[PDB]
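Asker: Input structure: upload_12.cif, which contains mmCIF, C-alpha atoms and all ligand atoms.
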```
data_query
#
loop_
_atom_site.label_atom_id
_atom_site.label_comp_id
_atom_site.auth_asym_id
_atom_site.auth_seq_id
_atom_site.Cartn_x
_atom_site.Cartn_y
_atom_site.Cartn_z
CA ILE Y 1 69.73 114.26 91.47
CA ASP Y 2 70.24 116.42 88.32
CA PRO Y 3 73.48 115.54 86.41
CA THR Y 4 73.97 119.07 84.89
CA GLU Y 5 73.60 120.52 88.44
CA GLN Y 6 76.47 118.22 89.70
CA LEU Y 7 78.78 119.54 86.92
CA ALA Y 8 79.50 122.71 89.03
CA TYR Y 9 81.56 120.55 91.48
CA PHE Y 10 84.06 119.74 88.68
CA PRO Y 11 86.83 122.33 87.95
CA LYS Y 12 87.44 123.88 84.49
CA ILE Y 13 90.11 121.95 82.52
CA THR Y 14 93.22 123.61 80.96
CA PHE Y 15 94.92 121.65 78.17
CA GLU Y 16 96.81 121.86 74.84
CA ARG Y 17 95.78 120.04 71.62
CA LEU Y 18 98.55 119.00 69.21
CA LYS Y 19 97.05 118.08 65.81
CA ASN Y 20 98.86 115.42 63.69
CA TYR Y 21 113.45 127.15 62.05
CA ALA Y 22 114.31 125.11 65.22
CA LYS Y 23 111.40 124.98 67.78
CA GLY Y 24 113.39 125.69 71.01
CA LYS Y 25 113.18 124.21 74.53
CA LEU Y 26 111.13 125.56 77.44
CA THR Y 27 112.47 124.39 80.82
CA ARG Y 28 111.57 125.26 84.41
CA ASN Y 29 112.75 123.19 87.37
CA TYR Y 30 109.98 123.54 89.95
CA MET Y 31 111.44 122.58 93.31
CA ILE Y 32 108.37 120.60 94.42
CA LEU Y 33 107.97 117.19 96.12
CA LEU Y 34 104.13 117.10 96.53
CA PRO Y 35 101.47 115.97 93.91
CA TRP Y 36 100.07 119.50 93.43
CA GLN Y 37 97.83 118.40 90.48
CA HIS Y 38 95.29 117.24 93.18
CA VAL Y 39 95.03 120.90 94.46
CA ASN Y 40 91.57 121.41 92.82
CA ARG Y 41 90.18 117.90 93.43
CA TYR Y 42 88.78 118.33 97.03
CA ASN Y 43 85.12 117.74 95.91
CA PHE Y 44 85.89 114.09 94.93
CA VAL Y 45 86.49 111.09 97.24
CA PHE Y 46 87.37 107.71 95.50
CA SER Y 47 88.85 109.08 92.23
CA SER Y 48 89.16 112.47 90.56
CA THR Y 49 90.19 111.91 86.85
CA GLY Y 50 87.26 114.15 85.74
CA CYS Y 51 89.16 117.13 87.28
CA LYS Y 52 91.98 116.41 84.74
CA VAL Y 53 90.19 115.11 81.56
CA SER Y 54 86.74 115.92 80.03
CA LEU Y 55 85.06 114.72 76.81
CA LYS Y 56 83.09 118.00 76.34
CA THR Y 57 86.27 120.11 76.80
CA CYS Y 58 88.72 117.99 74.71
CA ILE Y 59 86.59 116.14 72.08
CA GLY Y 60 83.30 118.16 72.22
CA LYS Y 61 83.01 118.49 68.41
CA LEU Y 62 83.49 114.70 67.84
CA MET Y 63 80.88 114.06 70.59
CA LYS Y 64 78.45 116.40 68.72
CA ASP Y 65 79.30 114.92 65.27
CA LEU Y 66 79.23 111.19 66.14
CA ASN Y 67 76.33 111.65 68.64
CA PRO Y 68 76.87 108.30 70.49
CA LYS Y 69 73.98 106.81 72.45
CA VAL Y 70 76.47 104.56 74.39
CA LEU Y 71 80.08 105.29 75.49
CA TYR Y 72 82.61 102.50 76.26
CA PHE Y 73 84.82 103.20 79.34
CA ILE Y 74 87.70 100.73 79.80
CA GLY Y 75 90.32 100.79 82.62
CA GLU Y 76 87.92 103.13 84.47
CA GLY Y 77 88.40 102.26 88.22
CA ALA Y 78 85.97 104.30 90.42
CA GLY Y 79 84.63 106.09 87.31
CA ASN Y 80 85.04 109.83 88.05
CA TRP Y 81 85.75 110.45 84.32
CA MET Y 82 82.54 108.54 83.39
CA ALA Y 83 80.70 110.53 86.15
CA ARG Y 84 81.76 113.90 84.61
CA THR Y 85 80.67 112.57 81.16
CA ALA Y 86 77.26 111.63 82.69
CA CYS Y 87 76.94 115.30 83.87
CA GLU Y 88 78.00 116.80 80.49
CA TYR Y 89 75.91 114.38 78.33
CA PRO Y 90 72.81 113.52 80.46
CA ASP Y 91 71.14 111.20 77.89
CA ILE Y 92 74.22 108.95 77.31
CA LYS Y 93 74.28 105.30 78.50
CA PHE Y 94 77.58 103.55 79.42
CA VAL Y 95 79.42 100.22 79.20
CA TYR Y 96 81.97 100.09 82.04
CA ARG Y 97 85.08 97.87 82.30
CA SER Y 98 88.09 97.95 84.67
CA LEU Y 99 90.61 95.23 85.69
CA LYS Y 100 89.22 93.16 88.57
CA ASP Y 101 91.32 91.05 90.98
CA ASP Y 102 88.26 88.95 92.12
CA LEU Y 103 84.75 87.63 91.09
CA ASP Y 104 83.17 89.81 93.90
CA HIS Y 105 80.34 92.28 93.03
CA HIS Y 106 82.02 95.58 92.08
CA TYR Y 107 80.67 98.98 90.86
CA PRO Y 108 82.34 102.37 89.96
CA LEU Y 109 82.27 103.96 93.45
CA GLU Y 110 82.74 107.59 92.28
CA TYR Y 111 80.04 107.38 89.55
CA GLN Y 112 77.54 106.06 92.18
CA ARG Y 113 78.48 108.92 94.58
CA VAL Y 114 78.25 111.69 91.89
CA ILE Y 115 75.26 110.44 89.75
CA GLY Y 116 73.38 108.68 92.60
CA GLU Y 117 72.27 105.51 90.77
CA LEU Y 118 73.72 103.11 88.14
CA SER Y 119 70.65 103.02 85.78
CA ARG Y 120 72.67 104.64 82.91
CA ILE Y 121 75.49 102.02 83.21
CA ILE Y 122 73.78 99.35 81.05
CA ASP Y 123 76.81 96.99 81.46
CA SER Y 124 78.91 97.33 84.64
CA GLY Y 125 80.95 94.16 83.96
CA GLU Y 126 79.00 92.17 86.60
CA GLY Y 127 79.88 88.46 86.77
CA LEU Y 128 82.97 88.96 84.56
CA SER Y 129 86.25 86.97 84.87
CA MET Y 130 89.67 88.66 85.53
CA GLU Y 131 90.74 88.28 81.87
CA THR Y 132 87.31 89.45 80.54
CA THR Y 133 87.94 92.76 82.48
CA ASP Y 134 91.59 93.04 81.22
CA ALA Y 135 91.88 95.45 78.20
CA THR Y 136 95.01 93.51 77.04
CA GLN Y 137 92.96 90.24 76.61
CA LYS Y 138 91.01 89.17 73.47
CA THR Y 139 88.12 87.87 75.66
CA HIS Y 140 87.56 91.43 77.15
CA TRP Y 141 86.85 92.75 73.65
CA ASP Y 142 84.77 89.68 72.63
CA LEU Y 143 82.36 90.30 75.57
CA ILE Y 144 82.15 94.14 75.13
CA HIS Y 145 78.76 93.72 73.32
CA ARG Y 146 77.09 91.27 75.75
CA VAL Y 147 74.50 93.99 76.63
CA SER Y 148 75.16 96.94 74.26
CA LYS Y 149 74.66 96.29 70.55
CA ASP Y 150 75.84 99.85 69.66
CA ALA Y 151 79.14 100.27 67.75
CA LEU Y 152 82.32 101.37 69.57
CA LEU Y 153 82.09 104.96 68.14
CA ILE Y 154 84.08 106.44 71.03
CA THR Y 155 86.03 104.16 73.42
CA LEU Y 156 87.74 105.75 76.44
CA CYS Y 157 90.74 104.09 78.06
CA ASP Y 158 92.28 105.34 81.28
CA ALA Y 159 94.10 102.12 82.21
CA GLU Y 160 97.40 102.42 84.06
CA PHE Y 161 99.27 99.58 82.37
CA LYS Y 162 102.30 97.75 83.91
CA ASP Y 163 104.57 97.96 80.78
CA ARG Y 164 104.39 100.02 77.53
CA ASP Y 165 103.76 96.70 75.62
CA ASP Y 166 100.35 96.44 77.36
CA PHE Y 167 99.24 99.72 75.69
CA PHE Y 168 100.05 98.19 72.26
CA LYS Y 169 98.27 94.91 73.18
CA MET Y 170 95.10 96.95 73.95
CA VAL Y 171 95.38 99.17 70.81
CA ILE Y 172 95.94 96.06 68.58
CA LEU Y 173 92.90 94.35 70.18
CA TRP Y 174 90.72 97.46 69.79
CA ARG Y 175 91.75 97.54 66.06
CA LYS Y 176 91.15 93.77 65.69
CA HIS Y 177 87.67 94.22 67.26
CA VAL Y 178 86.44 97.29 65.27
CA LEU Y 179 87.60 95.56 61.99
CA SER Y 180 86.05 92.07 62.71
CA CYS Y 181 82.96 92.86 64.87
CA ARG Y 182 79.65 92.57 62.93
CA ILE Y 183 78.29 95.64 64.88
CA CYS Y 184 81.35 97.92 64.48
CA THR Y 185 82.17 97.02 60.81
CA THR Y 186 78.45 97.68 59.89
CA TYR Y 187 79.06 101.25 61.14
CA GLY Y 188 82.43 102.01 59.37
CA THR Y 189 86.09 103.14 59.92
CA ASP Y 190 84.93 106.37 61.72
CA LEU Y 191 85.57 104.75 65.17
CA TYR Y 192 87.72 106.35 67.90
CA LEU Y 193 89.93 105.40 70.87
CA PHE Y 194 90.82 108.15 73.36
CA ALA Y 195 93.51 106.49 75.46
CA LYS Y 196 96.00 107.47 78.20
CA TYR Y 197 99.64 107.17 77.04
CA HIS Y 198 103.05 107.85 78.66
CA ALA Y 199 105.20 109.51 75.97
CA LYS Y 200 108.78 108.26 76.26
CA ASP Y 201 110.84 107.28 73.17
CA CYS Y 202 110.39 109.04 69.77
CA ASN Y 203 109.67 107.66 66.25
CA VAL Y 204 107.55 104.89 67.90
CA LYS Y 205 105.11 103.84 65.17
CA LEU Y 206 101.53 103.04 66.23
CA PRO Y 207 100.25 99.54 65.18
CA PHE Y 208 99.30 98.96 61.50
CA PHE Y 209 96.14 100.88 60.46
CA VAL Y 210 96.03 102.90 63.74
CA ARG Y 211 96.37 106.68 63.18
CA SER Y 212 96.71 109.42 65.84
CA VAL Y 213 94.31 112.36 65.10
CA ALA Y 214 95.42 114.58 68.05
CA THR Y 215 97.45 114.60 71.33
CA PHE Y 216 96.15 116.22 74.55
CA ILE Y 217 98.44 117.50 77.33
CA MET Y 218 96.43 118.05 80.54
CA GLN Y 219 97.25 120.52 83.35
CA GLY Y 220 96.00 117.93 85.90
CA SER Y 221 98.79 115.46 85.00
CA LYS Y 222 101.81 114.86 87.29
CA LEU Y 223 104.42 117.49 86.27
CA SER Y 224 107.41 115.09 86.46
CA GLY Y 225 105.48 112.56 84.33
CA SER Y 226 105.05 112.10 80.56
CA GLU Y 227 101.27 111.36 80.56
CA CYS Y 228 99.02 112.46 77.72
CA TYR Y 229 95.73 111.43 76.04
CA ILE Y 230 95.82 110.40 72.40
CA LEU Y 231 92.79 110.37 70.07
CA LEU Y 232 93.23 107.37 67.75
CA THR Y 233 91.26 106.21 64.68
CA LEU Y 234 91.68 103.76 61.78
CA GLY Y 235 93.96 104.83 58.92
CA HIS Y 236 97.58 104.98 57.66
CA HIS Y 237 99.63 104.73 60.89
CA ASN Y 238 101.78 107.54 62.27
CA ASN Y 239 104.17 108.06 65.22
CA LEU Y 240 103.13 108.23 68.87
CA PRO Y 241 104.00 111.51 70.74
CA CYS Y 242 107.54 111.70 72.14
CA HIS Y 243 108.70 112.88 75.55
CA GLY Y 244 110.12 116.11 74.01
CA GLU Y 245 106.88 117.50 72.42
CA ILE Y 246 104.90 116.65 75.60
CA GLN Y 247 107.33 118.39 78.05
CA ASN Y 248 107.19 121.70 76.12
CA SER Y 249 103.35 121.73 76.32
CA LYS Y 250 103.56 120.45 79.96
CA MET Y 251 105.94 123.38 80.78
CA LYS Y 252 104.00 126.17 78.99
CA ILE Y 253 100.89 125.07 80.97
CA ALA Y 254 102.83 124.85 84.31
CA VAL Y 255 104.54 128.27 83.76
CA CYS Y 256 101.57 130.19 82.23
CA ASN Y 257 98.37 128.78 83.67
CA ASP Y 258 96.63 128.59 87.05
CA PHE Y 259 94.34 125.76 88.20
CA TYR Y 260 90.63 126.66 88.06
CA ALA Y 261 88.68 126.00 91.25
CA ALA Y 262 85.23 124.36 91.10
CA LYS Y 263 82.34 126.93 91.06
CA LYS Y 264 80.55 125.05 93.89
CA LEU Y 265 81.96 123.32 97.03
CA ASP Y 266 80.76 119.73 97.81
CA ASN Y 267 80.89 120.02 101.65
CA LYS Y 268 80.08 116.31 102.27
CA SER Y 269 83.09 115.32 100.05
CA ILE Y 270 85.48 117.88 101.67
CA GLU Y 271 84.40 116.58 105.16
CA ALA Y 272 85.08 113.00 103.86
CA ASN Y 273 88.57 113.91 102.52
CA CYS Y 274 89.40 115.70 105.84
CA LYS Y 275 88.47 112.60 107.94
CA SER Y 276 90.41 110.44 105.42
CA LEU Y 277 93.55 112.62 106.01
CA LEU Y 278 93.24 113.03 109.80
CA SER Y 279 90.30 111.24 111.49
CA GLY Y 280 88.26 113.81 113.41
CA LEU Y 281 89.32 116.86 111.30
CA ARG Y 282 86.33 119.20 110.75
CA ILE Y 283 85.52 122.16 108.45
CA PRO Y 284 86.17 125.14 108.63
CA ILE Y 285 89.89 124.39 109.11
CA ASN Y 286 90.94 127.46 111.18
CA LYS Y 287 93.28 128.43 114.09
CA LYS Y 288 90.65 127.02 116.57
CA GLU Y 289 90.26 123.67 114.66
CA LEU Y 290 94.05 123.16 114.43
CA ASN Y 291 94.51 123.83 118.19
CA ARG Y 292 91.62 121.36 118.91
CA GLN Y 293 93.46 118.60 116.90
CA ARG Y 294 96.73 119.52 118.70
CA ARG Y 295 94.83 119.23 122.08
CA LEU Y 296 93.48 115.71 121.22
CA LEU Y 297 97.08 114.39 120.85
CA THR Y 298 98.37 115.75 124.21
CA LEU Y 299 95.54 113.69 125.90
CA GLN Y 300 97.49 110.49 124.77
CA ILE Y 301 104.74 101.33 119.55
CA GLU Y 302 102.18 102.34 116.81
CA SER Y 303 100.68 104.82 119.38
CA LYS Y 304 103.66 107.25 119.01
CA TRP Y 305 103.83 106.66 115.19
CA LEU Y 306 100.20 107.70 114.46
CA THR Y 307 100.56 110.84 116.68
CA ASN Y 308 103.83 111.74 114.83
CA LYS Y 309 101.84 111.44 111.51
CA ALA Y 310 99.09 113.71 112.99
CA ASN Y 311 101.64 116.37 114.12
CA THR Y 312 103.14 116.37 110.55
CA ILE Y 313 99.63 117.00 109.02
CA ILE Y 314 98.55 119.71 111.58
CA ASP Y 315 101.97 121.43 111.13
CA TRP Y 316 101.45 121.54 107.32
CA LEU Y 317 97.85 122.82 107.58
CA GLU Y 318 99.06 125.44 110.14
CA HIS Y 319 101.68 126.57 107.54
CA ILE Y 320 98.90 126.77 104.85
CA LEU Y 321 96.73 128.75 107.33
CA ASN Y 322 99.62 131.17 108.16
CA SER Y 323 100.41 131.52 104.39
CA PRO Y 324 99.32 134.39 102.08
CA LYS Y 325 96.46 133.86 99.60
CA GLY Y 326 97.98 133.27 96.19
CA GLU Y 327 96.94 131.98 92.79
CA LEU Y 328 96.74 128.21 92.20
CA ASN Y 329 99.99 127.79 90.19
CA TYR Y 330 103.35 125.95 90.40
CA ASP Y 331 105.18 129.26 91.17
CA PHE Y 332 103.04 129.58 94.37
CA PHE Y 333 103.19 125.82 95.20
CA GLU Y 334 107.03 126.01 95.06
CA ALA Y 335 106.86 129.04 97.43
CA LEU Y 336 104.59 127.07 99.85
CA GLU Y 337 106.97 124.05 99.96
CA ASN Y 338 110.26 126.02 100.10
CA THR Y 339 108.96 128.16 103.05
CA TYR Y 340 108.10 125.00 105.08
CA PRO Y 341 111.20 123.77 107.03
CA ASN Y 342 110.09 120.13 107.61
CA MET Y 343 109.40 119.23 103.90
CA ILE Y 344 111.64 116.14 103.91
CA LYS Y 345 110.10 114.91 107.23
CA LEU Y 346 106.62 115.30 105.59
CA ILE Y 347 107.38 113.15 102.50
CA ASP Y 348 109.13 110.54 104.69
CA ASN Y 349 106.32 110.27 107.29
CA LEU Y 350 103.25 110.32 104.98
CA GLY Y 351 102.26 107.65 102.42
CA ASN Y 352 101.29 108.36 98.78
CA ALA Y 353 97.50 108.18 99.43
CA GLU Y 354 97.81 110.46 102.54
CA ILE Y 355 99.92 113.04 100.59
CA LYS Y 356 97.29 113.11 97.72
CA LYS Y 357 94.60 113.79 100.41
CA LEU Y 358 96.83 116.40 102.11
CA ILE Y 359 97.04 118.33 98.77
CA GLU Y 360 93.22 118.12 98.22
CA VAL Y 361 92.65 119.58 101.77
CA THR Y 362 95.40 122.25 101.11
CA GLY Y 363 93.55 123.17 97.90
CA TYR Y 364 90.25 123.51 99.80
CA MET Y 365 92.05 125.80 102.32
CA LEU Y 366 93.71 127.95 99.57
CA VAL Y 367 90.35 128.42 97.74
CA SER Y 368 88.63 129.22 101.12
CA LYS Y 369 91.04 132.18 101.81
CA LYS Y 370 89.83 135.88 101.76
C1 LIG Y 401 93.80 105.86 86.69
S1 LIG Y 401 92.65 104.58 87.09
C2 LIG Y 401 91.21 105.04 86.16
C3 LIG Y 401 90.55 106.25 86.85
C4 LIG Y 401 89.22 106.59 86.19
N1 LIG Y 401 89.40 107.33 84.94
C5 LIG Y 401 88.38 107.35 87.27
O1 LIG Y 401 87.91 108.47 86.96
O2 LIG Y 401 88.22 106.78 88.36
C6 LIG Y 401 93.35 103.20 86.17
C7 LIG Y 401 92.57 101.90 86.31
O3 LIG Y 401 92.97 100.99 85.26
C8 LIG Y 401 92.95 99.68 85.79
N2 LIG Y 401 93.76 98.82 84.94
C9 LIG Y 401 95.10 98.55 85.07
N3 LIG Y 401 95.56 97.69 84.19
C10 LIG Y 401 94.45 97.38 83.42
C11 LIG Y 401 94.26 96.51 82.33
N4 LIG Y 401 95.22 95.73 81.83
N5 LIG Y 401 93.03 96.46 81.77
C12 LIG Y 401 92.05 97.20 82.30
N6 LIG Y 401 92.10 98.04 83.34
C13 LIG Y 401 93.34 98.08 83.86
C14 LIG Y 401 93.44 99.84 87.22
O4 LIG Y 401 93.05 98.70 87.97
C15 LIG Y 401 92.74 101.14 87.63
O5 LIG Y 401 91.48 100.92 88.26
ZN ZN Y 402 81.97 95.77 68.13
#
```
Represent the supplied structure as structure tokens.
Ligand SMILES: C[S@@+](CC[C@H](N)C(=O)[O-])C[C@H]1O[C@@H](n2cnc3c(N)ncnc32)[C@H](O)[C@@H]1O
Ligand SMILES: [Zn+2]
Answerer:
Amino acid sequence: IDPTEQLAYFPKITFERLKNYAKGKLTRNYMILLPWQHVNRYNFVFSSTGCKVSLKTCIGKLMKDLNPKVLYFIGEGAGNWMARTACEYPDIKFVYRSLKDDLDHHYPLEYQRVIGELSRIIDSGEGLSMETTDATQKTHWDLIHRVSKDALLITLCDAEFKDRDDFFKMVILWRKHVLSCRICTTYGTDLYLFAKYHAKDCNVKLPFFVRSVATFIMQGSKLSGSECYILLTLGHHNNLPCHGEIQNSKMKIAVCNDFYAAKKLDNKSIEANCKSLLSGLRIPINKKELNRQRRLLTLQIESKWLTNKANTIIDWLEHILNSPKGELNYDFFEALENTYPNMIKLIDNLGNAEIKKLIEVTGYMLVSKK
């Protein structure tokens, strides 16, 4: 399968770049309980980070300028971000790493689904220990070159760390590697780390000789959150972004912008996400399909619990069906929620994974309208 052809299943990314008279504060309390950032992620099954972040969109110039032959993806889970990168840059090879709980044979599930094969992942971390897959461990960085002898020009980190200290542990280790490593030193100090960070306190200095070049605030990030992507390099250290700066960019995006839908619809993926939400749910999701699902339940303890869960889902999809076609924005998402009477029953009955799937299906339905 052609990687550039697969790129049409990924939505266009909206973001703000902050390069490193009182400003004023932009506030908007959206009365929402659902993770609406998954609204345009219906074409992806195991992970969907590529719908939020892109290397061509955010750091396209650096990608052009450095021209890496190998990219290093750490804390990458199912590898949807790596999969989008493989579609944007079809000649790039990858070194993949993500924290593993066992010695069992693992592989980025989303990359395999999107790209087809793993031939471009020259190091998938096969046969690696738990610590050798942990970005906060020295051994992880010492075995990063076991296959690839290319310098860490651009390292991508999307790890969801336990505590904020873990982020620093990783950054310090990246710095310690790029300044000791025979391969990386031979290159120079023009080495980059594009890492996920949760901006909380202000005036938090980055480790010694780690400088922030830019901060990226993504539309696809949880609205209540403080998540951003920082582009780091070697040089005189500066401050990390603070919660304040991030919220203002997070708010302008939420208030001003709409979510772009993917140009093409991956029907196999949508059908997979539907069956993941409510087993047996088929596309197109219409009046007929919702009455069919309602008819399956009346044909008849955990038995009453799973049917209660099903009624909750059908009821929500029925509300989406009987709702006007609007633009994909938080003003419309707030209208959708605040016009549904059983919102609190919905969040109580459904689990986090089910609710994320419910929003992906809702998004498919909203895009399908008219
Ligand atoms: C948000 S997911 C990455 C999603 C990825 N960008 C994608 O497209 O699928 C975060 C991943 O980081 C991993 N992780 C958590 N702590 C880690 C650590 N200390 N070192 C490395 N990976 C870690 C988690 O196990 C999880 O798979
Ligand atoms: Zn190195």
Asker: Using all atoms listed in the file, which protein or nucleic acid residues come within 12 Å of residue 235 of chain Y? Drop anything in the same chain fewer than 4 positions from it, and give the result as a list in words.
Answerer: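 Counting only the stated atoms, we get residues 175, 179, 188, 189, 190, 191, 192, 206, 207, 208, 209, 210, 211, 212 and 213 of chain Y.
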Asker: Could you produce a table of the residues of chain Y lying within 9 Å of ligand LIG 401 (chain Y), with the nearest pair of atoms per residue and their separation in Å rounded to one decimal, using only C-alpha atoms and all ligand atoms, ordered by chain and increasing residue number, as CSV?
Answerer:
```
residue,atom,partner,partner_atom,distance
Y:46,CA,Y:LIG401,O2,7.3
Y:47,CA,Y:LIG401,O2,4.5
Y:48,CA,Y:LIG401,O1,5.5
Y:49,CA,Y:LIG401,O1,4.1
Y:50,CA,Y:LIG401,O1,5.8
Y:51,CA,Y:LIG401,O1,8.8
Y:53,CA,Y:LIG401,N1,8.5
Y:73,CA,Y:LIG401,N1,8.3
Y:74,CA,Y:LIG401,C12,6.1
Y:75,CA,Y:LIG401,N6,3.4
Y:76,CA,Y:LIG401,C4,4.1
Y:77,CA,Y:LIG401,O5,3.4
Y:78,CA,Y:LIG401,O2,3.9
Y:79,CA,Y:LIG401,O2,3.8
Y:80,CA,Y:LIG401,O1,3.4
Y:81,CA,Y:LIG401,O1,3.9
Y:82,CA,Y:LIG401,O1,6.4
Y:83,CA,Y:LIG401,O1,7.5
Y:84,CA,Y:LIG401,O1,8.5
Y:97,CA,Y:LIG401,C12,7.0
Y:98,CA,Y:LIG401,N6,4.2
Y:99,CA,Y:LIG401,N6,4.0
Y:100,CA,Y:LIG401,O4,6.8
Y:101,CA,Y:LIG401,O4,8.4
Y:108,CA,Y:LIG401,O2,7.5
Y:109,CA,Y:LIG401,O2,8.3
Y:110,CA,Y:LIG401,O2,6.8
Y:111,CA,Y:LIG401,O2,8.3
Y:131,CA,Y:LIG401,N5,8.5
Y:133,CA,Y:LIG401,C12,6.1
Y:134,CA,Y:LIG401,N5,3.8
Y:135,CA,Y:LIG401,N5,3.9
Y:136,CA,Y:LIG401,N4,5.3
Y:137,CA,Y:LIG401,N4,7.9
Y:140,CA,Y:LIG401,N5,8.8
Y:156,CA,Y:LIG401,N1,8.8
Y:157,CA,Y:LIG401,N1,7.7
Y:158,CA,Y:LIG401,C2,5.0
Y:159,CA,Y:LIG401,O3,3.4
Y:160,CA,Y:LIG401,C9,4.6
Y:161,CA,Y:LIG401,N3,4.5
Y:162,CA,Y:LIG401,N3,6.7
Y:166,CA,Y:LIG401,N4,6.8
Y:167,CA,Y:LIG401,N4,8.4
Y:170,CA,Y:LIG401,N4,8.0
Y:196,CA,Y:LIG401,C1,8.9
```
Asker: Do you know which residues are at most 7 Å from segment 251-253 of chain Y counting only C-alpha atoms, after dropping those on the same chain fewer than 2 positions away, and could you put them as a PyMOL selection string?
Answerer: chain Y and resi 26-28+219+247-249+255-257
Asker: Store the residues picked out above in a file with C-alpha atoms, as a PDB file, keeping the file's coordinate frame.
Answerer:
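Result file again.pdb:
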```pdb
ATOM      1  CA  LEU Y  26     111.130 125.560  77.440  1.00  0.00           C
ATOM      2  CA  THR Y  27     112.470 124.390  80.820  1.00  0.00           C
ATOM      3  CA  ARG Y  28     111.570 125.260  84.410  1.00  0.00           C
ATOM      4  CA  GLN Y 219      97.250 120.520  83.350  1.00  0.00           C
ATOM      5  CA  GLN Y 247     107.330 118.390  78.050  1.00  0.00           C
ATOM      6  CA  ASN Y 248     107.190 121.700  76.120  1.00  0.00           C
ATOM      7  CA  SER Y 249     103.350 121.730  76.320  1.00  0.00           C
ATOM      8  CA  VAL Y 255     104.540 128.270  83.760  1.00  0.00           C
ATOM      9  CA  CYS Y 256     101.570 130.190  82.230  1.00  0.00           C
ATOM     10  CA  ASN Y 257      98.370 128.780  83.670  1.00  0.00           C
TER      11      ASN Y 257
END
```
Asker: Can you tell me, as a VMD selection string, what residues are no more than 9 Å from residue 2 of chain Y when counting all atoms listed in the file, ignoring any on the same chain fewer than 6 positions away?
Answerer: chain Y and resid 87 90 115
Asker: Residues within 12 Å of ligand ZN 402 (chain Y) (only C-alpha atoms and all ligand atoms), as a PyMOL selection string?
Answerer: chain Y and resi 72+140-155+173-189+191
Asker: Would you compute the box with edges along x, y and z of the file around segment 158-172 of chain Y, including every atom the file lists for it and 8 Å extra on each side, and give its centre and edge lengths in Å to one decimal, as AutoDock Vina command-line options?
Answerer:
```
--center_x 98.4 --center_y 100.1 --center_z 76.3 --size_x 28.3 --size_y 26.4 --size_z 31.5
```
Asker: Using only C-alpha atoms for the distances, tell me which of Y:4, Y:349, Y:342, Y:291 is nearest to residue 308 of chain Y.
Answerer: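 Looking at the shortest contact to residue 308 of chain Y, the residue is Y:349.
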Asker: Show me, as an MDAnalysis selection string, the residues that have an atom within 8 Å of residue 198 of chain Y when counting all atoms listed in the file, minus same-chain residues fewer than 5 positions from it.
Answerer: chainID Y and resid 225:228
Asker: Output segment 205-213 of chain Y as a tab-separated table (two decimals), keeping the file's coordinate frame, making sure N, CA, C and O atoms are there.
Answerer:
```tsv
chain	number	residue	atom	x	y	z
Y	205	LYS	N	106.25	104.00	66.05
Y	205	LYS	CA	105.11	103.84	65.17
Y	205	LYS	C	103.99	103.10	65.88
Y	205	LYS	O	104.22	102.09	66.56
Y	206	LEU	N	102.76	103.63	65.72
Y	206	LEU	CA	101.53	103.04	66.23
Y	206	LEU	C	101.30	101.73	65.46
Y	206	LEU	O	101.85	101.59	64.36
Y	207	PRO	N	100.48	100.77	65.95
Y	207	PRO	CA	100.25	99.54	65.18
Y	207	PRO	C	99.71	99.79	63.77
Y	207	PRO	O	99.16	100.87	63.52
Y	208	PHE	N	99.83	98.81	62.86
Y	208	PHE	CA	99.30	98.96	61.50
Y	208	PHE	C	97.82	99.33	61.52
Y	208	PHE	O	97.03	98.77	62.29
Y	209	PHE	N	97.47	100.31	60.68
Y	209	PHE	CA	96.14	100.88	60.46
Y	209	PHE	C	95.56	101.60	61.69
Y	209	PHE	O	94.35	101.77	61.79
Y	210	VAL	N	96.44	102.10	62.58
Y	210	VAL	CA	96.03	102.90	63.74
Y	210	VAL	C	96.71	104.26	63.59
Y	210	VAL	O	97.93	104.34	63.63
Y	211	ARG	N	95.91	105.32	63.40
Y	211	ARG	CA	96.37	106.68	63.18
Y	211	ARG	C	95.98	107.59	64.34
Y	211	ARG	O	94.84	107.55	64.80
Y	212	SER	N	96.93	108.41	64.80
Y	212	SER	CA	96.71	109.42	65.84
Y	212	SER	C	96.15	110.66	65.14
Y	212	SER	O	96.73	111.12	64.14
Y	213	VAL	N	95.01	111.17	65.63
Y	213	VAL	CA	94.31	112.36	65.10
Y	213	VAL	C	94.82	113.60	65.84
Y	213	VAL	O	95.04	114.63	65.21
```
